[PDB]
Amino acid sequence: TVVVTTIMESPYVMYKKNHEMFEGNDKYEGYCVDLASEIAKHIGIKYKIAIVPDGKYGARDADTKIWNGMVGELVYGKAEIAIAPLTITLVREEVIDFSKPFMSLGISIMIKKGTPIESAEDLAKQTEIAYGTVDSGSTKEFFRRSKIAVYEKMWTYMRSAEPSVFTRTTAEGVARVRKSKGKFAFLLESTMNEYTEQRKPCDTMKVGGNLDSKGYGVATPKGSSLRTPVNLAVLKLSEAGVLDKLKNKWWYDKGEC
């Protein structure tokens, strides 16, 4: 039985209503729950969903050099596959493998409706509206590593901001936007942003274009016999239009705004 690391993130992995009464994998629903089922069917494996204990995507400690989050679970052999909205990055590719992308996305800006912001330049040239990102993920790293002037300005602000503009989870960032009367904006991937925009109370929206262009991949530890089957499975699902059906199912069919 293959241990699948994933993260509680709507609409990828969520608790079913009355999840307490279900056992194991049956506790959960979402895009990545369906993707896990599809891949397992294609490659012929039994699997168990294990929600990442620390609740993080994955970053390397510049102190102890230890990987946390889902990346950590793979690196240290606690899980055999990661089926979550895990961004394909250089630093991660150096320690784990990724399938070709199952979803295409970029960093985006979330505002409370009515906020006078339409771009990253708009954010960077003012101080009245605060903004941040989730911790321990690719978005925080993006700003840390950027040599593009606008993003460097944004990082210089966010890195030193008090109280902290970095949130433990995406949900916490969204809640912060919703409660802050337009005085907090949140930087997050377009996929999560677009989802939230179609959820009650319909008070947030994505503004401007994406800051970058990248993808989520299904990840496996280096040397895994699952590497190739997983990659081919993702491409088959892509080409058969199943990934498009799954996105429509979890983002728009369920649309509430």
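From 1 onward, residues are counted along the sequence shown.
- For the segment pair 138-146 and 123-131, the entry gives 123-131 the higher mean B-factor, averaged over Cα atoms.
- Here 32-40 and 63-71 are compared by their mean Cα B-factor, and 63-71 comes out higher.
- If you compare the C-alpha temperature factors of 171, 91, 185, 161 in the entry, 161 comes out highest.
- Out of 202, 50, 211, 219, it is 202 whose C-alpha atom has the highest B-factor in the PDB entry.
- Ranked against the other modelled residues of its chain, the C-alpha B-factor of residue 152 as given in the entry falls in the middle third.
- In this PDB entry, the Cα temperature factor of residue 13 sits in the middle third of its chain's modelled residues.
- Among the modelled residues of its chain, residue 6 has a C-alpha B-factor that falls in the lowest third according to the deposited record.
- When the CA B factors of the chain's modelled residues are split into thirds, the value for residue 167 lands in the middle one.
- Among all modelled residues in its chain, residue 115 ranks in the middle third by Cα B-factor.
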